[PDB]
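Undergrad: Please find the sequence and an experimentally derived structure below.
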Amino acid sequence: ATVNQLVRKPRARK
Amino acid sequence: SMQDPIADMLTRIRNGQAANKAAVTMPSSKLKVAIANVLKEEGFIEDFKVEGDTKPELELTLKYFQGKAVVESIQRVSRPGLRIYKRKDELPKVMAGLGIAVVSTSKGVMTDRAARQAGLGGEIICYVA
RNA sequence: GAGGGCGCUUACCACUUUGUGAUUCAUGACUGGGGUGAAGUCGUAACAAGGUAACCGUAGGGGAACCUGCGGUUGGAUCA
RNA sequence: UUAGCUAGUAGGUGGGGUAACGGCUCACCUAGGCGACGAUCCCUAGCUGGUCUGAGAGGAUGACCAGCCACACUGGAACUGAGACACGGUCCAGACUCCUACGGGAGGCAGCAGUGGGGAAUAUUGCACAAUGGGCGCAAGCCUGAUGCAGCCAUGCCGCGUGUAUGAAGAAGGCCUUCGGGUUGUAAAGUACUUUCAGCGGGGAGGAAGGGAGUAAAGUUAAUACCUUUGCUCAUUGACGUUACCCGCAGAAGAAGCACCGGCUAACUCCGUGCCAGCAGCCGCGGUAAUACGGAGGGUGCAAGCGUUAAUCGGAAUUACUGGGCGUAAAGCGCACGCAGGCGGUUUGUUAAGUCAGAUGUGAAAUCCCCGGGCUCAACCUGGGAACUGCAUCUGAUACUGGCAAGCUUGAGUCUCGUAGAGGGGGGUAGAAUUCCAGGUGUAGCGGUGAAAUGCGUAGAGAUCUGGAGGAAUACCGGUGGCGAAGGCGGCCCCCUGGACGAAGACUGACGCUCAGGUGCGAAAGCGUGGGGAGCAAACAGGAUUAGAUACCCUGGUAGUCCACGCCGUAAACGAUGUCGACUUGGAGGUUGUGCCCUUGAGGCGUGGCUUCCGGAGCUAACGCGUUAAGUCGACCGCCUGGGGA
Ligand SMILES: [Mg+2]
Ligand SMILES: [Mg+2]
Ligand SMILES: [Mg+2]
Ligand SMILES: [Mg+2]
Ligand SMILES: [Mg+2]
Ligand SMILES: [Mg+2]
Ligand SMILES: [Mg+2]
Ligand SMILES: [Mg+2]
Ligand SMILES: [Mg+2]
Ligand SMILES: [Mg+2]
Ligand SMILES: [Mg+2]
Ligand SMILES: [Mg+2]
Ligand SMILES: [Mg+2]
Ligand SMILES: [Mg+2]
Ligand SMILES: [Mg+2]
Ligand SMILES: [Mg+2]
Ligand SMILES: [Mg+2]
Ligand SMILES: [Mg+2]
Ligand SMILES: [Mg+2]
Ligand SMILES: [Mg+2]
Ligand SMILES: [Mg+2]
Ligand SMILES: [Mg+2]
Ligand SMILES: [Mg+2]
Ligand SMILES: [Mg+2]
Ligand SMILES: [Mg+2]
Ligand SMILES: [Mg+2]
Ligand SMILES: [Mg+2]
Ligand SMILES: [Mg+2]
Ligand SMILES: [Mg+2]
Ligand SMILES: [Mg+2]
Ligand SMILES: [Mg+2]
Ligand SMILES: [Mg+2]
Ligand SMILES: [Mg+2]
Ligand SMILES: [Mg+2]
Ligand SMILES: [Mg+2]
Ligand SMILES: [Mg+2]
Ligand SMILES: [Mg+2]
């Protein structure tokens, strides 16, 4: 949910 | 905590507008005066006064229609977790031009309607819908 | 004479040999489970207070579903 | 489920080296270099301009066109030359095949085709330098499997025809039918008209500019020669090509199929078959009435194509930045500390870092978009513009973010006076109750269950009383009561020690929030060593129950429960809600304080901390939450992506 979380690891596409 | 004080300002406006409050108070600052004075000049609120110099306390007078919310909703856009910036031609409108978008530039705080004659861009503060 | 070439030797080094490691595929006796199976056998666990309330974690038990011991929870009935 | 990698490695001196700088190379000197902003290792992959999909953001990929890099049987090396470590150059080794008089040599189709083979699957062993580009030469000329063309392959896109006018008892036939009638159906026939293309004959643009022979002018030169250039004239230059195009002829003559028909999704009846056969993308159809199977009738959707399979995106907001959730649907680590990282109150100055404004340069062409032009049209080709949201630099503005400087106090802290509490650890101590043991009085059953039995007892049980020993737990108080980060924590007393909260001020001046790795705590079971032993009690002993009893029930009973010393670190470790802060109507209470008040009672009035039950607005899938949020928001972190596998 947090944009700063996605800096470390993006959303994992299946 | 209180790390986004403009978002704290928008919280205190939206609550008392919906909960039929007559007037609200909040801790003042330089930037909060530069936003509420623009909203006073855009018909959304009525009046603002300053109280205290060692603890600056800002006050806002609410505004109603028949007991109905004038400011229906307001949306914080940029934030300390994610900064938002646009150019002089990428300025977004609110409700296709009905609502105003508070954008602070080097020529002071103005709207995107007022930024057409100024020709500048910068930080989006809030969508006054 | 100066100088060159040939030849020899040396340095570098491909391929190649032994010793002995790491990694990968194929094959592979045997072996570990799991899934897919309406009618097969064995039992009646759970869902009602499902006939010893159920469940989670842990140790032990025995064809098996499970059981008991300790502790916790209500995702339990009846309640005062 | 890759955390350490690296000694010519990192840097320096000097020598050497190439076309140029340089560990590019060598001796010496230093011990550094790289790396949680992914070093290194493993696997995969040519990349980009783009194509496709998508409203856009994104997503998947890199064939034809163009740009670059690498490669030319495998491996290594150098020469030549301006340029190669060299596709049709060489040298060496290996692999394979060919020639051979046996000693030897020859060869590199990932160039054009073409064969063998692989695979679901991709072509003629063609023509030409006419044009364009390139190579050589003064030119002529030659060469070019580049390229221009042709054939094959409905392989894709686009265009046209397979007739049109007229023609109702509306014939026949098929099928439906309440046999009355409708359907096929102006459809056919017949009546009139016409010839796109093909077929058959004729004419025929453009792709071609040049080049070659005379010749005048100009030019230099001793020169009217020769040559250079500008002119004019004559004869010529086409693979495609039987060119497009056009004239003329004959007559509808040469030219329509496939899929579907329950719903999604366009169209309804009939017969045959009988959960058999079959159908099918999903839903699920058919054992005696199936529009879903098979066939017929009729229709629908497309069209020289039509279906199917496989693959990519969309639909899918179904990895959610745009644009999702985590109380019970999958998901908030058991909790706490804290580095790196992210983020940060308020006032002023400064820097202009981020951002924004303007401008330059650049973002190759082609593709896409805008208006045009051209091929009879379209596809296709093409003019200019826009687009390419990119990157670099300069000049600006200073509100916000960042840095520096000086601050300020409401955030967060510090002191004093106090109050409450099962907060933890350590050491003593009390009294019931349980059981054991000693003694006394005392007698036939005690014990246990739904009912009985095992078991105990005439050595006197049990019951009672006296006295002693050991072990573990703390009735009542005690309550949605209190405390602790949580698991949890309960006799009293002492000692040591932790946080929480309130009052009055004084004081430091953002000292803060949050947290991946890391670090510690962390119910009980169980594990190691040494103690300890009442009661309870896995396994087990024995008796009932029963079909069997392994469980239930009962009589006993070891490990364990207890303590020290460690280890184990999982729980339905739950408020099934991560922490912090800011706000938004309220009640019934509880607990804990404090301020004032005819103290006129343990009271009246306020006002903070903690906590439960109701409930408005609002939110929610519903349940419910609802000032302690699951209401409206911010700061940061964890976690989930169908069920099962797991
Ligand atoms: Mg059962
Ligand atoms: Mg049960
Ligand atoms: Mg229990
Ligand atoms: Mg040097
Ligand atoms: Mg090509
Ligand atoms: Mg290429
Ligand atoms: Mg090369
Ligand atoms: Mg080579
Ligand atoms: Mg060759
Ligand atoms: Mg080829
Ligand atoms: Mg084959
Ligand atoms: Mg008929
Ligand atoms: Mg024709
Ligand atoms: Mg001509
Ligand atoms: Mg329909
Ligand atoms: Mg069919
Ligand atoms: Mg039938
Ligand atoms: Mg067509
Ligand atoms: Mg598929
Ligand atoms: Mg999506
Ligand atoms: Mg969802
Ligand atoms: Mg769940
Ligand atoms: Mg928790
Ligand atoms: Mg371009
Ligand atoms: Mg162009
Ligand atoms: Mg174009
Ligand atoms: Mg046209
Ligand atoms: Mg006792
Ligand atoms: Mg001070
Ligand atoms: Mg053991
Ligand atoms: Mg038992
Ligand atoms: Mg032990
Ligand atoms: Mg767990
Ligand atoms: Mg609950
Ligand atoms: Mg209500
Ligand atoms: Mg409520
Ligand atoms: Mg899964």
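TA: Yep, it's here. Numbering: from 1, shown residues only, chains lettered A, B, ... in the order given. Ligands and ions are numbered 1, 2, ... in the order given.
Undergrad: Tell me which residue lies nearest the centroid of chain B.
TA: Nearest residue to the geometric centre of chain B (C-alpha atoms, centre = their mean): residue B:35, 4.8 Å.
Undergrad: Give me the phi and psi for that one.
TA: Per-residue torsions, residue B:35: phi -110, psi -40 (degrees, to the nearest 10).
Undergrad: Quick check: the residue of chain A nearest chain B.
TA: Relative to chain B, the nearest point of chain A is residue A:3 (5.1 Å; C-beta to the nearest C-beta). (C-beta placed from N, C-alpha, C; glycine too.)
Undergrad: got the residues of chain A near RNA strand D?
TA: Residues of chain A lying near RNA strand D by C-beta under 7 Å from any atom of the strand: A:1, A:2, A:3, A:4, A:5, A:6, A:7, A:8, A:11, A:12, A:13, A:14.
Undergrad: what about the third one, neighbour count?
TA: One way to gauge burial is a neighbour count; for residue A:3, by other C-beta atoms under 10 Å in any protein chain shown, it gives 9.
Undergrad: any idea how far it lies from residue B:124?
TA: 16 Å (C-beta to C-beta, to the nearest Å).
Undergrad: Which segments of chain B make up each domain?
TA: B:1-71, B:72-129 (CATH domains of a matching chain).
Undergrad: And the helices in chain B?
TA: Taking DSSP state H to define them, one finds helices in chain B at B:5-18, B:30-40, B:112-118.
Undergrad: Over to chain A?
TA: Assigned by DSSP H, the helices in chain A fall at A:3-8.
Undergrad: Which residues does residue B:103 form beta bridges with?
TA: residue B:110, residue B:124 (DSSP bridges).
Undergrad: residue contacts, it?
TA: Counting by C-beta atoms under 8 Å, 6 or more residues apart in numbering or on different chains, residue B:103 touches B:86, B:91, B:109, B:110, B:111, B:112, B:115, B:121, B:122, B:123, B:124, B:125.
Undergrad: thought the third one was touching residue B:102?
TA: Yes - because the distance of 6.5 Å satisfies C-beta atoms under 8 Å, residue B:109 is recorded as touching residue B:102.
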